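# build me a model:
(8 chains)
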Amino acid sequence: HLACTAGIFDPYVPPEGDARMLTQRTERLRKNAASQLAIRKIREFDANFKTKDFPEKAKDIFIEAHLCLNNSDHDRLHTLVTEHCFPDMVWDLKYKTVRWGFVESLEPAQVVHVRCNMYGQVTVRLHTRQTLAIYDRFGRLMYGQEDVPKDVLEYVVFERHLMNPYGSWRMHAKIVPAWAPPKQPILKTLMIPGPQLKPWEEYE
Amino acid sequence: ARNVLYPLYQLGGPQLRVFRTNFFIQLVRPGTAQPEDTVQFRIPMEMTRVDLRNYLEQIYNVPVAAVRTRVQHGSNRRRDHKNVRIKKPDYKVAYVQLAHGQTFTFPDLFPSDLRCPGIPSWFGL
Amino acid sequence: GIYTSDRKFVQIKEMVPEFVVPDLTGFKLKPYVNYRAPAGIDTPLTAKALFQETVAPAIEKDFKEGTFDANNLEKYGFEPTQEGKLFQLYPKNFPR
Amino acid sequence: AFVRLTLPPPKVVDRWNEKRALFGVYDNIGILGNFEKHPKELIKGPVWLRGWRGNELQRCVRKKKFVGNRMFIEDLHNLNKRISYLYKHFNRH
Amino acid sequence: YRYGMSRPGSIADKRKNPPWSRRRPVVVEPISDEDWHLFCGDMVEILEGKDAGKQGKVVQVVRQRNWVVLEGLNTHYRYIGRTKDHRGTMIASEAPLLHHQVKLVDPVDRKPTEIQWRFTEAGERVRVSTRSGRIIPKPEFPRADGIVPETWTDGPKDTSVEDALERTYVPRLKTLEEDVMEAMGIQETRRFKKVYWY
Amino acid sequence: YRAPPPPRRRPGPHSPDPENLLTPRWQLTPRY
Amino acid sequence: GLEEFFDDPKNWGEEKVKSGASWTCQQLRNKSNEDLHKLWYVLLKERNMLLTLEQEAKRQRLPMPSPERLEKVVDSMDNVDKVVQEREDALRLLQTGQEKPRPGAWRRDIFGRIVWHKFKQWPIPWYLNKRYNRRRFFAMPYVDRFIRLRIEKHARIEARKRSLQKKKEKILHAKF
RNA sequence: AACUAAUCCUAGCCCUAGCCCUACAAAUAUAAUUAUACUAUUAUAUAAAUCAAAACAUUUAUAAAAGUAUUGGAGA
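Numbers count the residues shown, from 1 in each chain, chains lettered A, B, ... in the order given. There you are, the coordinates:
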């Protein structure tokens, strides 16, 4: 049984300078031709789905999901996110302790584009400052700063199974814009191994 | 017909006719190198070489020139968990040479980010 | 065949089975049947059904006409003995 | 020796169940019934020891007589052999 | 042999129930064919479990363990494709539900109403609610193999529909062997000598 | 709970069945 | 023909071969005696070809395409035999009344048990056959002890199963 | 916080009660399990002893009246 589908039905293309930017909201109205028919499909099963008010509900799930990581609330996190999202979030955090906090959001969240036997997928735009610090099994710090805020802009996709009566909005994936800055480097150092050769072979 | 009683024949009795045949045969790729006309067959232990000739000639209309047959002893070395010897079923291999200049060859059946490792790629923070 | 005295094999033609192979040309039945074809409820044949299908109609016609007597049981299909038939129902004298 | 690492399952006993609550009723059948039925008549068990008691040899001997006609040949022979050993010990030592 | 979620005779089943297993037997209350009321495709409400109170449709029934399987209910999470190269992806995997953990649903009123088995005019047994007596018709479920009898198209070695349904038997006082002789006209005048059966 | 009915011995004449194998011989005598 | 021993060349290498359901007993009953005889060979021919392919698959250590085909053919052949046997059985009772095709009777073996003895064909009568008379159909006196053991063993069997049932009941009480 | 090990509850049984019982094919007593001829085909006397009599010899069990009258190397 699958309650989510990997990938995005229609990939929204973020425009450079959107962070600087009413305005963008009108662009959705201009682009409602592509998305409003999709919005109707979510509305048909729900009828309370509005692009203006959806981000608040989605934002709570996104923030809550990250909070579960601090407490390792795997059971809670499963409900918050779809099955596709969960493996990425927690697999690499095994035997690690992370302190995550949410600073005030820089800009209000707004729905960006939606494209759904029926899995409604809604793209949301979020810019928020957060704090991250990950430590080793021994407690040694390996990544992030305990009390320094980092401003991150990302687009988050939630997915709900419209057909199922029990279907609910769960985070499915995050769309990363190319203009987004690179992630912070790790504290530890890595080594790129040299070419491996047999005794007969010689270095080149 | 196998695992059945055949009617006893006495002088003046009818010819023995098997209207329905229980003998089941399978063509096998020859393990050893044999002449192309020669064909290997696995047949029930109660079937005679003459029956195979009649069987092929009547049911399958296959002309046969010569027949050679052998009985293979099944290995009983294998034992189960209870230490009871397991016997491989004994089978008879028949080498059938085709007639009328026909030649046979076995058909070809079944022709995270590298820069940031250990941190889940989901995090953008 | 028979092994006689002097350790000599003498094949007997009658004891050698002959495979009677029917002609499959014009026969419409094949190894498998359609899933489209509905299955038939099993109704095993019994002596009562066999007698009713074959023997009953003759007697019913004869009984109304009155041309029935005990002596003529063979007339309606009774076999006093199985001898003379190539296939004897009892004792069985033919192979499967 | 080594001992269980877990407690046995809890047992709950009802002391006012019909069997325990009504145990012994009619034990005064003789005095309260005009002695028409003796309380020994209320004994339920093997036939050869209903209203009777004795030592093992007496019990075994009484058992043989009561159901000897219904005893298995193997059982009867085994009982006889056991009685023979018992007889010598009690009646000669 | 302890019946499990894995189909009997599977590789996992052999590991689960080895021939030398001598574990404490599992108790499953025997349920008669008349007593049993749960069938695949029946909408039922989970009395207890992870998803208790959520109505679902049955998709698999292991009557040996009195287990009813609901798709998308009593569902846990596990990794699909977990391998050396890839971490793996979470999937939703159902867990067995015992018969007492579910009850049939009345179509008119959605509730877990106790039912009693009784026949109908057509003769088909139908479960009838003990309270608010109503007829719960047998649900329609597709064939497990996925082969629709009507849609099936004859392949090689498959007879046409008409040929199979043709009846050619003519009742007569002759066996198959005799009938074959009559059609093929085999003639043999020799007769076996008397055989002393004993 | 209520106690079961008291055990009672059946009164009145009772005639053993002569044909029955189980019944002892002495119970079929004229003295009986 | 040799080609009949093998599957269709087009089907060779395919994952499966499309086949329908096996012949049911009722349909075979509708078919005539001559039709039933022909169908037996048709099923037999398919069965032999599938057997030949399966044996080659085992040698090649490869999967057999559509193994259900052999099962369907075997079921059809079994259904054919009983339908033909039913007609043979019905006629035998009508003309002779004998409930078994082979002459037989109930006889007592040397162990004291009563077993159905199937008669055998002989060219000479029993009294002129010393070897047949040599066969023993009588129970020795020492079997009387065995007969008592059989009655006791039957009684013991009832006790053992009850003990076995009691142990199973412990599971019911223990689990619940 | 260590290796070897250890831990478990039913597998089942036991005694009484109840109850007499009347539960595929093919091949076989030939050399059993060898599809048809050979070659006729067939068990069993008291149970004893051991044992007890400290050996050993006649001898040594196998509802109440009553272990009484009796019997016994009058002894087990």
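# where along chain D do the helices fall?
D:18-21, D:29-32, D:56-67, D:73-92 (DSSP state H).
# is the first one in proximity to chain F?
Translated: helix D:18-21. Yes: counting by Cβ under 8 Å from any Cβ of the partner chain, contacts between helix D:18-21 and chain F involve D:18, D:21. Using the backbone N, CA and C atoms, a C-beta is placed for each residue, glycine as well.
# center of the chain, which residue is that?
If you meant another chain, say so; for now it's chain A. Most central in chain A under Cα atoms, centre = their mean is residue A:174, positioned 3.3 Å from the mean C-alpha point.
# nope, chain G
residue G:78 (9.9 Å).
# and the helix or strand where that one lies with RNA strand H, contact?
Using DSSP states H and E, residue G:78 falls within helix G:68-95. No: using Cβ under 7 Å from any atom of the strand, helix G:68-95 stays clear of RNA strand H, coming no nearer than 10.7 Å.
# quick revisit: now distance to chain A and mean neighbour count too, for the helices of chain D, in CSV please.
Below are the helices of chain D laid out as CSV (distance: least, Cβ to the nearest Cβ, whole Å; neighbours: other Cβ atoms under 10 Å in any protein chain shown):
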stretch, distance to chain A, mean neighbour count
helix D:18-21, 48, 11
helix D:29-32, 67, 14
helix D:56-67, 66, 14
helix D:73-92, 64, 11
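# possible to save those helices as a markdown table with distance to residue A:2?
Conversion of these to a markdown table gives the following (distance: least, Cβ to Cβ, whole Å):
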| stretch | distance to residue A:2 |
| --- | --- |
| helix D:18-21 | 57 |
| helix D:29-32 | 75 |
| helix D:56-67 | 72 |
| helix D:73-92 | 68 |
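# the longest strand in chain E is where?
For chain E, the strand that runs over the most residues, judged by DSSP state E, is strand E:55-62.
# by contact count, what packs against that strand?
With contacts defined as 3 or more Cβ pairs under 8 Å, 6 or more residues apart in numbering or on different chains; DSSP states H and E, the packing partners of strand E:55-62 are strand E:43-46, strand E:67-70.
# hang on, residue D:39 packs against residue D:24?
No: Residue D:39 lies out of contact with residue D:24 (Cβ atoms under 8 Å); the separation is 10.7 Å.
# the more surrounded of these two?
A direct count of neighbours by other Cβ atoms under 10 Å in any protein chain shown for residue D:39 and residue D:24 places residue D:39 higher, at 15 against 7.
# now the more buried one. Nearest residue, chain neighbours left out?
Excluding the flanking residues, the one nearest residue D:39 by Cβ to Cβ, 6 or more residues apart in numbering or on different chains is residue D:30, at 5.4 Å.
# count the neighbours of residue 10 for me.
Picked chain A for this. Residues near residue A:10, counting by other Cβ under 10 Å: 14.
# ah, I was thinking of chain F
So residue F:10, with other Cβ under 10 Å, has 5 neighbours.
# how close does it sit to chain E?
According to Cβ to the nearest Cβ, to the nearest Å, residue F:10 stands 42 Å off from chain E.
# same question, residue A:158
Distance from residue A:158 to chain E, by Cβ to the nearest Cβ: 16 Å.
# can you confirm that residue is in a strand?
Yes: Residue A:158 forms part of a strand when assessed by DSSP: H, G, I helix; E, B strand; the rest coil.
# my read: it touches residue A:171, true?
Yes: Residue A:158 is within contact range of residue A:171, at 5.3 Å (criterion: Cβ under 8 Å).
# overlap in contacts, the two.
Common neighbours of residue A:158 and residue A:171, counting by Cβ atoms under 8 Å, 6 or more residues apart in numbering or on different chains, are A:58, A:61.
# still on that earlier bit, so which bits of the helix holding residue G:78 are buried?
G:69-70, G:72-73, G:75-77, G:79-95 (16 or more other Cβ atoms under 10 Å in any protein chain shown).
# ranges for the helices of chain B?
So, for chain B - with DSSP H - the helices run B:49-59.
# quick one, strands of it?
Using DSSP E, strands in chain B cover B:17-18, B:26-28, B:38-43, B:64-72, B:91-98.
# mind listing what the fourth one pairs with, with the direction of each?
Sheet pairing of strand B:64-72 (DSSP bridges) gives strand B:91-98 (antiparallel).
# cool, the shortest one as well?
With DSSP bridges as the criterion, the sheet partners recorded for strand B:17-18 are strand C:18-19 (parallel).
# re earlier: got the helices and strands packed on strand E:55-62 as a markdown table, with mean neighbour count columns?
A markdown table is the format used below for these (neighbours: other Cβ atoms under 10 Å in any protein chain shown):
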| stretch | mean neighbour count |
| --- | --- |
| strand E:43-46 | 20 |
| strand E:67-70 | 23 |
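# I'd like the ones you listed written out as CSV, with distance to residue B:39 added.
CSV is the format used below for the helices and strands packed on strand E:55-62 (distance: least, Cβ to Cβ, whole Å):
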stretch, distance to residue B:39
strand E:43-46, 61
strand E:67-70, 52
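# nearest to residue E:117, out of those?
strand E:43-46 (15.7 Å; Cβ to Cβ).
# can that closest one be said to contact chain A?
No: using Cβ under 8 Å from any Cβ, strand E:43-46 stays clear of chain A, with a minimum separation of 11.7 Å.
# up against RNA strand H, what does chain C have?
C:2, C:15.
# give me the distance between the residue in chain C positioned nearest to chain A and residue C:70.
Nearest residue of chain C to chain A, counting by Cβ to the nearest Cβ: residue C:35, 27.7 Å away. Residue C:35 is 53 Å from residue C:70, where distance means Cβ to Cβ, to the nearest Å.
# quick one: neighbours of the closest residue in space to residue E:94 that isn't next to it in sequence, just the number.
Of all residues beyond its chain neighbours, the one nearest residue E:94 is residue E:75 (5.0 Å), with distances taken as Cβ to Cβ, 6+ apart. Around residue E:75 there are 17 other residues, counting by other Cβ under 10 Å.
# look up phi and psi at residue E:75.
phi -100, psi 120 (degrees, to the nearest 10).
# from the centre of chain B, give me the residue that's furthest out.
Max distance from the centre of chain B (Cα atoms, centre = their mean): residue B:125, 67.9 Å.
# so which of the buried residues of helix G:68-95 reach chain E?
G:69, G:84, G:87-88, G:91, G:94.
# now do the contacts for the residue nearest the centre of chain C.
Geometric centre of chain C, nearest residue: residue C:87, 7.1 Å, by Cα atoms, centre = their mean. The contact partners of residue C:87, taken as Cβ under 8 Å, 6+ apart, are C:93-94, E:175, E:177-178.
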